[PDB]
Amino acid sequence: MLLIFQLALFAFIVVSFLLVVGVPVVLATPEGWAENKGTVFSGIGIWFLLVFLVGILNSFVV
Amino acid sequence: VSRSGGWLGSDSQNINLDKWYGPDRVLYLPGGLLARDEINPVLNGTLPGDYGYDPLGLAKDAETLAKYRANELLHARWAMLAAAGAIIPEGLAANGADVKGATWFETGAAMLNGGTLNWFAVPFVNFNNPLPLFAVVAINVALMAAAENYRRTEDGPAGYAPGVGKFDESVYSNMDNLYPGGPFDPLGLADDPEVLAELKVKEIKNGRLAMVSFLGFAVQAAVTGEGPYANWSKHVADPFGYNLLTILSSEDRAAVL
Amino acid sequence: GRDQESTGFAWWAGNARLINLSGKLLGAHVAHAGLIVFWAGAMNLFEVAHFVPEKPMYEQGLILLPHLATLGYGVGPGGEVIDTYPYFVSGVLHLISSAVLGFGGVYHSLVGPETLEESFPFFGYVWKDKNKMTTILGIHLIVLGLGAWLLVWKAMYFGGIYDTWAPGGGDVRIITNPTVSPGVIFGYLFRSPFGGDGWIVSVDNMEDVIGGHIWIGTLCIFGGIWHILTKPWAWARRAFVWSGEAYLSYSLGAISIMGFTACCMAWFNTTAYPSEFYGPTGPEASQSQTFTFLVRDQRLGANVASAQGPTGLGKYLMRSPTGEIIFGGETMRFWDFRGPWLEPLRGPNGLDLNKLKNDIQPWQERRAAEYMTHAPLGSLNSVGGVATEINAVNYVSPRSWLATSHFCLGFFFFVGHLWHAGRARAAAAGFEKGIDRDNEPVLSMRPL
Amino acid sequence: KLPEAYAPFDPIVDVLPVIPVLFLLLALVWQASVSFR
Amino acid sequence: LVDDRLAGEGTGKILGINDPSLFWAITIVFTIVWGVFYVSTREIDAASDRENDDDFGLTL
Amino acid sequence: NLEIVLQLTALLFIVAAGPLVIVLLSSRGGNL
Amino acid sequence: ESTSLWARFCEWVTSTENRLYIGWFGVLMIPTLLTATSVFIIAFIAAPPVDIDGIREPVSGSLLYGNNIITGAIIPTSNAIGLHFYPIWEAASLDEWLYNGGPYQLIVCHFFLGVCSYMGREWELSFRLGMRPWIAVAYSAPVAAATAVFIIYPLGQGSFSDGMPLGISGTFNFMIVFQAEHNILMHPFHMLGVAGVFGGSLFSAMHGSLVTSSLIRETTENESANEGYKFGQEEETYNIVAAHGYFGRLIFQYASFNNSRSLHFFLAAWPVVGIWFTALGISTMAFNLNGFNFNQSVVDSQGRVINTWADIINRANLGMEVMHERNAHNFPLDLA
Amino acid sequence: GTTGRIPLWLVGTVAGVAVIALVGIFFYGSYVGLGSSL
Amino acid sequence: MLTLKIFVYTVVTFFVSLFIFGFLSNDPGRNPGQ
Ligand code: CLA
Ligand code: CLA
Ligand SMILES: CC1=C(/C=C/C(C)=C/C=C/C(C)=C/C=C/C=C(C)/C=C/C=C(C)/C=C/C2=C(C)CCCC2(C)C)C(C)(C)CCC1
Ligand SMILES: CC1=C(/C=C/C(C)=C/C=C/C(C)=C/C=C/C=C(C)/C=C/C=C(C)/C=C/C2=C(C)CCCC2(C)C)C(C)(C)CCC1
Ligand SMILES: CC1=C(/C=C/C(C)=C\C=C\C(C)=C\C=C/C=C(C)\C=C\C=C(C)\C=C\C2=C(C)CCCC2(C)C)C(C)(C)CCC1
Ligand SMILES: [Cl-]
Ligand SMILES: [Cl-]
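Residues numbered from 1 in each chain as written, not as in the entry; some residues may be left out. Chains lettered and ligands numbered in written order. Part of a larger assembly, values for the part shown. Heavy atoms only, no water.

Its PDB header names cryo-EM as the technique used to obtain the model and reports a resolution of 2.73 Å.

A. Spotlight on the overall build of chain E. Regarding its fold elements, chain E presents two helices and zero strands. Here the C-alpha radius of gyration of chain E, 21 Å, is well above what a compact globule of 60 residues would show, namely 10 Å. Referenced to the eigenvectors of the C-alpha coordinate spread, the extents of chain E come out at roughly 65 × 25 × 15 Å. Within the span of chain E, comprising 60 residues, buried residues form 30% of the whole. With an accessible surface of roughly 4,100 Å², chain E has 62% of that area assigned to carbon and sulfur atoms. Computed over 4 positive and 11 negative side-chain charges, the separation of the two mean positions in chain E equals 7 Å. (Helix = DSSP H or I, 4+ residues; strand = E, 2+ residues; numbered from the N terminus. Rg over C-alpha atoms; globule rule 2.2 N^0.38 Å. Buried < 20%, exposed > 50% of the residue type's maximum accessible area, 1.4 Å probe, protein only. Areas by Shrake-Rupley, 256 points an atom, 1.4 Å probe, with all protein chains shown as cover. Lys, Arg positive; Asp, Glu negative; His and termini not counted. Charge placed at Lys NZ, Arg CZ, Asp CG, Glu CD.)

B. Inspection of a nonpolar patch on the surface at higher detail. All names here are of chain G. On the surface, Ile41, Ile45, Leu63, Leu64, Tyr65, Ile69, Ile70, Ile168, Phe172, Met175 and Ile176 cluster together into a nonpolar patch covering about 1,000 Å² of accessible area. Taken together, the elements giving at least two residues each to the nonpolar patch come down to α2 (23–46) and α6 (168–182). It is α6 that provides the largest number of residues to the nonpolar patch, a total of four residues. Among the secondary structure elements, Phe172 is positioned in helix α6. Residue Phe172 is classed as partly exposed on the basis of its relative accessible area, which comes to 42%. (Patch = residues over 30% accessible without salt bridge, like charges linked within 9 Å, V, L, I, M, F, W, Y side chains within 5 Å. Salt bridge = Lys/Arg side-chain N within 4 Å of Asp/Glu carboxyl O.)

C. Representation of the arrangement of the chains. Contacts between protein chains span 19 pairs of chains, and they are most numerous for chains C and G. Spatially, chain D is disjoint from chain E: no contact exists, and the shortest C-alpha separation is 26 Å. Kept free of each other, chain B and chain G leave a smallest C-alpha distance of 30 Å between them. (Contact = heavy atoms within 4.5 Å.)

D. Fine view of the interface of chain C and chain G. In this complex, chain C contributes 72 residues to the contact, which on the side of chain G involves 74 residues. Of the roughly 6,400 Å² buried between chain C and chain G, counting both surfaces, carbon and sulfur atoms make up 66%. Counting the surface chain C buries against chain G, the share from its top three residues, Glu330, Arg333 and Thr388 of chain C, is 12%. Our enumeration of links across chain C and chain G arrives at two salt bridges. Put simply, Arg446 of chain C and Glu17 of chain G hold a salt bridge, and the shortest N to O gap is 3.4 Å. For the pair chain C and chain G, the number of links is 27 residue pairs in polar contact. Mapped onto the side of chain C that touches chain G, the elements with two or more residues apiece are α9 (244–268), α11 (282–300), β7 (378–379) and α14 (398–429) of chain C. No other element matches the 17 residues that α14 of chain C contributes to the side of chain C that touches chain G. Tallied by class, residues from the side of chain C that touches chain G come to 42 nonpolar, 20 polar and ten charged. Of the pairings in the sheet, the one linking β7 of chain C to strand β3 (residues 289–290) of chain G comprises two bridges and is parallel in character. (Buried area = accessible area lost by both parts, 1.4 Å probe. Polar contact = N/O pair within 3.5 Å; in protein donor to acceptor, adjacent residues only side chain to side chain. Nonpolar A, V, L, I, M, F, W, Y, C, P; charged D, E, K, R; others polar. Pairing = 2+ DSSP bridges.)

E. Main features of the nonpolar core. By size, the foremost hydrophobic cluster in this structure holds 73 residues, and its most contacted members are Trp6, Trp24, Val27 and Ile282 of chain G. Ranked by residue count, the leading element in this core is helix α5 (residues 135–157) of chain G, at eleven residues. Discounting residues that sit within four places of it in the chain, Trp24 of chain G has contacts with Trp6, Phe9, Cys10, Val13, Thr14, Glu124 and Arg128 of chain G together with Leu18, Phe19, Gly22, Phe23 and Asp27 of chain I. Core analysis: the next-biggest nonpolar cluster, separate from the first, contains 34 residues, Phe5 and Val61 of chain A together with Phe9 and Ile19 of chain D among them. (Core = buried A, V, L, I, M, F, W, Y, C linked by side-chain atoms within 4.5 Å.)

Right under this line is the structure:
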């Protein structure tokens, strides 16, 4: 599970980087919070899912 | 004169139905995330606890919403009785009371092989309930089948309830399929229309809390193999040492250092 | 945002444009909160990664891990780190929590409501509304009280707190009898700040530490309920400036005091800041030197009690100006120091001569020897030792970093009181922008 | 050190604590972009 | 011993009160100053020309 | 030297993530 | 109008018609500063020698005991006292209080309250006169420096004997020992402090010379140029554009302040910020966070240490270290 | 030819980063090689 | 020395009490502006 866990952590880091830059850009963009608001929630939801996935996988790997 | 009033002195009764009913009813997402025009139109704020929450578009018309609300209220009321009844007897046994079959998912086995159960009229004396398993199965099924059929057919036998005294079959007519009132409201707390609307909101909200709670009781039973009280007592005893992650670990985690 | 054309504040005073924009001001405070939680998480993981078990905590430049250790995480008896996994989850939990805190800061700042007074009356406020201001003061006063109760719950029900004075050696201990006596609590609060007294920096039991946090937790909750159900009285209404900048200056003056107190806590206290994790204090290291030379010279053969120094005072042992037998030399100033390794040798009258020459345990000698070499002396570039030392040891005590930094923060935030409180009065009076050319007050006064 | 499972990610942790000081500079470069309006 | 002294130094006494007479010194003085202040509050506020209602005090 | 190479690489992203936001908003005519 | 005693007292206290403003900070400033002034003058003239190091070796600091104005000083409290509170009533006799350095604590404690109240009194008069309230902020810089050498440095070191003596030669002993133990010259904050006072001295000379160079002709040569200015003038007494033109050509056009308000803020900020950091420097060095230590930083290929100017400083620091408090140290490390 | 101007704030940002990088290298060199006491 | 201590406690309390109740006497209202 070590390889699976590290892939999930790496995916969590990548999606966090996308949110770090993506979220302020769409928020500052006037149309962004009206139209891209749908895809932001998907990013937030995926980010939280990886948080819990990495959290449970930590138990089986540490 | 009124049968309803405030709880904190004169002019302490402030029932705001606007927050739970109408256009400004609270929603499952805040104002800045979900616009009120994005809510399913069938959810117009006339039913208790209409948080405007229905992804997957399950309710597509008033009839479908009414049919499902009949299911939701029943699943909710049963869960409220179950949530309370699944953990209260176990809490008694853990504190020293003589209860046989404390955990809810082990009470059935206690009645096997001719064993009986002790019913605790908690404020007062306990009981060595003599009903055997065959009898309990027969009586419970007969009473429940009869009770549900009366609800299904919306008609029942004449009888006595304290709020209405002695009633005949006529009272069953003109009773809401979900909020019968009448004999089912002996204390008459449904008299005030504003109070009744607010109390309906509290019913499903406590009911929805109970349904999710019993779901946890079941999932927790499968995972930790203990009763819900045992899970709570040991989370509170050692929170970081006893939670989901520690159980999933299932091994003596080597010190990192 | 805004600009100087419509606000009158330049870019370097740009955050002053948020004084009456409650919604954006909320996001500003939530975003800085996310930064604080981010730093706590990031610095925690940084210290855990750079942690080597072959050295003590204070030799590795760690200032956050000692705070976790004093709470009794991953420490065995004697201040030995047994497991750093609890330190890891602390860093991760803060780091992840900063993300959601950061999102709310960015949301409430960039795209949320500018002013909450219209859409959200519960959260909306105007600085002039003394009643509404007290409710916010009352509400956040309760959460502070609850935070204090978390400490006592940790010390009494959840594992316990590391006690450096514990019988049998320093260890994580459950506090079962917190000291909640009014005389003890009031004794610390209204004690002198001078030597021997040390105000509240002299709390020397975990019973008194968590006994005090029981009082603080209770007072803050009652004060929270009080300030929620009451509006300020007439005497207060005629004593304070009721402006947003005025409320800020009150807090700046308050946390300036808290900054100075934390500076003295990290420098003198050995209970809430165990020497096992933060290293020896200034007094402790000086006291350890004479103890080390007393022990080693006894083996060479010498009566330490009868030994004279060049000045005629006791070379190893002398009397304090109150009569207690103390260590000699320059460390005579630090005679009020008390430490877990030194109290066993101290009787009612001071250091016991018999115990000093018959019953000095090896662990006591090792503690004093270690504390002397790790004295809180170092350079800016972290060269251990006095200024007249070679570049050999890379060490500065965490007490030096904690005391030195939080004094600079304490002083600058005192200048914050002076600045933001002066401006608060002038702006309210209405002359923060200058003297009226046609209505100069001095021109209407009798000449001196 | 970190747990063995988190070892490959150690270099990221080694640069994390300097991020908060970048926000101060980020505010400065943000104001420069808008010509310090 | 050879001389007499208060011997209260470094003893952690509340407000430095070694003897109860110091308590009376502080209490009496504070009460007097508070006494003359208390009977003058209305006059001082009257100068403001406003009544000390819930909207009284320097406010921006 | 793989450690320092990875540290500089990670440092390169974060010191660029901030300015990346500003330039994207400036280029796209954002409300910055 | 006011009839109440307190109403009349509070009007007198806050009255701006007094020759010297009292205010509420003045009811704290005046008694504390007069108390410290009285004991200082009496002690500087007639105080007995003080056992500063706690080693029963009294140090004479009074004029009547053989000192002149330069060498006279109020000796700090005894090292035996430490940080302990030593009021005159905690001493068996006033002779014992004098012997142990009592007057130093009385002066320092009342003086610290005086400067803090003097700072507040500066704010109070500004509020009473309707001017902007930040002269007190500029005064916080010297207050911090005074607080650092009289309170914070003794606090961190553990004894009031390590405070600055209240004398001229006593001040020099404070600086020399400070260099030997902390290497203050190599600390970036004394460096900022030096830039604060060298720069402040430079800016004072430049601003004074530039304004004097631009005085508009309003007098003859048999009169002082000062006579050209009348107290209360509504017009400017010197040409700011002319002064900016001179300094603009002196270095280059954009190195000069065209704005008198920006110029005067710079004249205030530069020394105040500089003194803030050097005050912090002493405060940080109170907790033994010494200046830069570059001793034996340069070594050759085979390991031989090549000396630098920093090592020569260490040689001087070594000499002061082994001579200060000659009889006070029984053990090799100067941890106190 | 190609019409355009480099934004001034971008020039300051890149120059500011380069200066910070240069100072960082000097502080890095303070701990390694010559003058590091090592 | 106690007599001296009580005298100083009386004096220090007197000036501190004036300072405390002085600023409680509608101090913010004592300004030349309107
Ligand atoms: C002091 C912090 C604070 C305060 C006072 C407010 C206040 C407000 N928020 Mg906001 N918010 C915050 C933080 C805060 N928020 C954070 C951290 C986030 C990121 C999750 C958000 C995200 C957010 C959104 C998306 C929206 C608001 C909105 C609002 C407005 C009302 C509706 C609402 O409550 O929505 C938010 C409700 C929740 C976030 C539910 C959270 C569940 C509980 C309250 C969490 C409590 C957990 C616990 C106490 C936290 C521990 C402390 C922690 C720091 C460790 C209101 C004025 C709405 C608005 O502005 O309308 C236009 C809106 O759409 N907020
Ligand atoms: C803790 C520091 C801090 C915080 C929280 C704020 C917060 C705020 N400032 Mg401010 N400011 C600061 C420091 C700070 N400032 C400093 C140091 C200066 C001096 C240079 C200024 C000077 C200043 C001025 C001149 C102004 C503000 C203004 C504002 C407000 C609106 C800004 C805006 O909408 O423009 C938009 C900004 C952008 C579009 C660029 C930033 C994009 C995001 C936020 C960058 C962060 C990305 C982040 C990593 C994403 C992760 C979040 C999540 C996905 C995990 C806002 C509440 C304005 C105001 O007053 O409102 C009226 C304004 O006029 N500030
Ligand atoms: C408003 C505004 C401002 C500010 C802002 C801010 C301040 C923000 C913040 C923000 C934030 C505060 C953010 C945060 C974030 C975080 C995150 C996103 C996290 C992440 C994490 C991860 C990704 C993972 C990690 C890990 C673990 C899990 C374990 C170990 C390993 C590792 C480390 C890998 C400014 C100035 C610009 C100006 C303008 C306006
Ligand atoms: C946790 C983590 C994360 C996150 C991160 C972050 C949150 C970041 C951010 C960051 C940032 C926040 C950045 C920014 C920075 C800034 C900059 C880089 C800038 C600078 C500037 C300069 C240098 C210049 C300035 C100036 C101007 C232009 C004007 C004039 C003056 C001067 C020139 C000075 C990640 C994703 C990694 C994942 C993993 C984990
Ligand atoms: C936790 C703990 C503890 C403690 C506790 C407590 C209980 C605390 C408290 C404290 C308190 C309980 C209090 C304090 C403080 C307060 C203050 C410091 C302030 C005052 C202020 C002010 C500001 C005044 C003012 C005035 C008035 C009258 C009004 C106007 C005018 C004037 C401004 C003049 C102990 C020690 C055991 C240790 C361990 C831990
Ligand atoms: Cl000397
Ligand atoms: Cl020594």
